Amino acid sequence: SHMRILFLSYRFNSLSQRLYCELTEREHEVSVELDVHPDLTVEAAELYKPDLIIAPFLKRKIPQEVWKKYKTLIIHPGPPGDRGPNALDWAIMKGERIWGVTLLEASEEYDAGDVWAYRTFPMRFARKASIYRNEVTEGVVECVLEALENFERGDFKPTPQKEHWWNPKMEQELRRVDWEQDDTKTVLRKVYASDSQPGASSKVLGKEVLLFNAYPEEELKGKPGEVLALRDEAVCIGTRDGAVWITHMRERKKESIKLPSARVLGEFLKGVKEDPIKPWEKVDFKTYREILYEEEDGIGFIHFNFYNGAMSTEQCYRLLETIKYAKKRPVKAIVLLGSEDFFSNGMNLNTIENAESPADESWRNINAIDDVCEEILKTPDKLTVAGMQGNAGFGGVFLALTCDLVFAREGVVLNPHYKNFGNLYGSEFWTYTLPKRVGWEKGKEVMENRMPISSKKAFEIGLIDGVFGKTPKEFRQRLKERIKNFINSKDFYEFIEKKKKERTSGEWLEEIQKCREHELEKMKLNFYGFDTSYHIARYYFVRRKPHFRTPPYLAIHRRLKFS
Ligand SMILES: CC(C)(COP(=O)(O)OP(=O)(O)OC[C@H]1O[C@@H](n2cnc3c(N)ncnc32)[C@H](O)[C@@H]1OP(=O)(O)O)[C@@H](O)C(=O)NCCC(=O)NCCS
Ligand SMILES: Nc1nc2c(c(=O)[nH]1)N[C@@H](CNc1ccc(C(=O)N[C@@H](CCC(=O)O)C(=O)O)cc1)CN2
């Protein structure tokens, strides 16, 4: 019953990773072939001889030689009968109330194969990536697990499609924001449909840009197209009936880097005044709040919505300032909540690559995230909690591990490792937090593993302290009630008493410092030494360069001892 399954994916993306966790933790073997060349895909399937092929994310046709020989099921992020490469883009642009996902059989015509499973769900008015990572992903997991059981059953007959419609690749002219003609709702719809790829084209201050990560603004009312304000490198732009914040942009050029808006517009933003809102301020209206601090029931909650989970050096210092604020408050616990889509993905590779010296900026960024980690660790008189509502990878996983307690939503995927990105040693005090949780033996195994793990697996191995809730909202409510009941028990004051004794002693203070300097010694060699694999890997990743090989940690079939 344990199947051998081959994934065909354009990239090993969030959906591919989630499915990888769901299948392998059910004791199926999953090998991945990235979509490099049809000839390579033919070879992959003849080497691996899968029981079943699943294509979670693919942008071109599987060759007939493969799907006529091996049963091949393709994910489509739309309901049955929807066909085309940009299903979610069109669903958002058209304002569809209900949407869905479909698992269909490979065929010669795009998205025309018989249906193995499907789920429908109501749409949210939200970024494409948010729909993809939540509703679409959860529905795909259900369809794939259902198709697996039906495949093992042996007698299954898929349903041919009846009604169908085709939506082609959406052109940039359809996404383009015209500030004079588009009200705020229209700007949001266009950016949402284009986020995180490929962006909504527009002209801001006479510059051709692509827009990402929009938020309505209800106070600042200016003139259509006028850059009204700057807040944490996001810009606020007047629309037909109001204003919208745009936090990130990209020059309308090949292989340009997605960056905070202020680093793209740059010289054209002289005279635009910063308009700050401290995270702890209460505000009556809709606006962009990168970081939000709220106190409830003796708990201080810190939301930090860093686009794509990437924490630039400057974002790290803004988070650090909010943590220091919270530590002076009369709360018994501080909870780091990240955002709904990500807890954290560690250093911001985009702002590093864009820096005059990416090596220097790497150094600044890793010291800044370590300063956040050290501030959390040196909190002897309050409980600290990491609540991972969404995925965490790289330095962001070990950020969470500096908190006393780590909890995650069901279905969150963790990448507690670096080795994919030119073998960084990592820091964030992992040489202290990881052995304390799972020991050194199991600790090195965790960081040697280059594949994702679910929050359920992380809990089973003792990497985190609990997993609960199906949605961000349900996770936050359960987390709050769990912490509330703990900080009002006797074991809280007993826990804090032991934490005070330990984290005020010089021996603990000394051990922590030695951990940081050892990790940063290794990291400095990653950044400045003869090996430049980190810099090369960074260049390809941030500029969306295509894959030319599937590495052996993904492709079981491309390993040496294979038969
Ligand atoms: C984007 C999409 C294509 C899926 O990819 P994904 O969910 O983003 O997968 P990932 O796990 O790699 O997400 C990581 C993101 O966080 C960014 N990120 C993470 N850590 C980062 C860091 N330290 N620094 C900078 N950026 C970071 C990544 O750059 C990436 O963002 P990007 O999409 O702008 O490149 C999805 O939105 C979509 O629309 N799919 C439809 C296509 C389809 O289904 N076709 C048919 C399939 S059979
Ligand atoms: N055997 C086969 N292979 C497939 C599918 C299939 O059902 N049958 N379904 C594919 C997923 N859905 C689509 C639908 C349309 C397009 C498409 O239209 N692509 C452009 C390429 C431009 C682009 O990058 O989008 C083209 O002209 O070929 C790509 C994937 C995955 N590969």
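Residues numbered from 1 in each chain as written, not as in the entry; some residues may be left out. Chains lettered and ligands numbered in written order. Heavy atoms only, no water. Residues with missing side-chain atoms left out of burial classes, pairs and counts.

In its metadata, the entry names X-ray crystallography as the structure determination method and reports 2.00 Å as the resolution.

Enquirer: Which parts of the structure should I look at to understand the UniProt feature "binding site: CoA 2" (unreviewed entry) in the protein chain?
Expert: Look at the UniProt record and you will see "binding site: CoA 2" (unreviewed entry) annotated at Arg11, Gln17, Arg133, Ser196, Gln197, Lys258, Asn308, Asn345, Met347, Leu349, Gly395 and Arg544. Across 534 residues of sequence, these annotated residues are also dispersed in space, with a maximum C-alpha separation of 24.0 Å. Here, the largest cavity is lined by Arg133 out of the annotated residues. Excluding residues that lie within four positions of it along the chain, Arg11 makes contacts with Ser16, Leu34, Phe57, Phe541 and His547. Residue placement: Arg133 occurs in helix α5 (residues 128–153). Each residue touching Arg133, except ones within four places of it in the same chain, is listed here: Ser14, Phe342 and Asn391. (UniProt positions renumbered as here; feature names shortened; annotations may be inferred. 1 Å grid on protein atoms, 1.4 Å probe; cavity = no way out; pocket = protein on both sides within 12 Å on 5 of 7 lines; lining within 4 Å. Contact = heavy atoms within 4.5 Å. Helix = DSSP H or I, 4+ residues; strand = E, 2+ residues; numbered from the N terminus.)

Enquirer: Help me understand the site of ligand 2 in this model?
Expert: Not every one of the 14 residues close to ligand 2 is listed here, only the nearest: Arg60, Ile62, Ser107, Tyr110 and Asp111. Backbone polar atom of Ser107 to a nitrogen atom of ligand 2: 2.8 Å apart, as the coordinates give it. One of the side-chain N or O atoms of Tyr110 is found 3.0 Å from an oxygen atom in ligand 2. In the complex, 76% of the free accessible area of ligand 2, which totals 700 Å², lies under the protein chains. In terms of residue class, the shell around ligand 2 is made up of seven nonpolar, two polar and five charged. (Near = heavy atom within 4 Å. Polar contact = N/O pair within 3.5 Å; in protein donor to acceptor, adjacent residues only side chain to side chain. Areas by Shrake-Rupley, 256 points an atom, 1.4 Å probe, with all protein chains shown as cover. Nonpolar A, V, L, I, M, F, W, Y, C, P; charged D, E, K, R; others polar.)

Enquirer: Looking at this structure, I do not really get the site of ligand 1. What am I missing?
Expert: Taken together, the neighbourhood of ligand 1 is formed by 24 residues, with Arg11, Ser14, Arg133, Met347 and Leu349 sitting nearest. Within the side chain of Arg133, an N or O atom sits 2.5 Å from an oxygen atom of ligand 1. One of the backbone N or O atoms of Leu349 is found 3.0 Å from a nitrogen atom in ligand 1. Contact with the protein chains covers 85% of the free accessible surface of ligand 1, which is 990 Å². Mapped by element, the contributors of at least two residues to the shell around ligand 1 are β3 (52–57), β4 (72–76), α5 and α10 (349–354). Of the residues that constitute the shell around ligand 1, the class distribution is twelve nonpolar, eight polar and four charged.

Enquirer: Sorry if this is basic, but what is going on with the packing of helix α9 (residues 313–327) against helix α11 (residues 358–377) here?
Expert: Two numbers describe a pair of packed helices, the interaxial angle and the distance between the axes. Two elements in contact, α9 and α11, have axes separated by 9 Å at closest approach and are oriented at 15°. Looking at the two axes, α9 sits roughly parallel to α11. α9 and α11 meet at a crossing whose hand is left-handed. Listed contacts from α11 to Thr313, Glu314, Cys316, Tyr317, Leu319, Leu320, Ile323, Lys324 and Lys327 of α9 are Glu361, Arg364, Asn365, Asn367, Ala368, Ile369, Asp371, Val372, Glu375 and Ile376. A class-by-class count of the residues in the contact of α9 with α11 yields nine nonpolar, three polar and seven charged. (Axes fitted to C-alpha atoms, helices over the stretch in contact; angles between N-to-C directions. Parallel < 35°, antiparallel > 145°, perpendicular 65-115°, else oblique. Left-handed = near helix turned anticlockwise from the far one by under 90°.)

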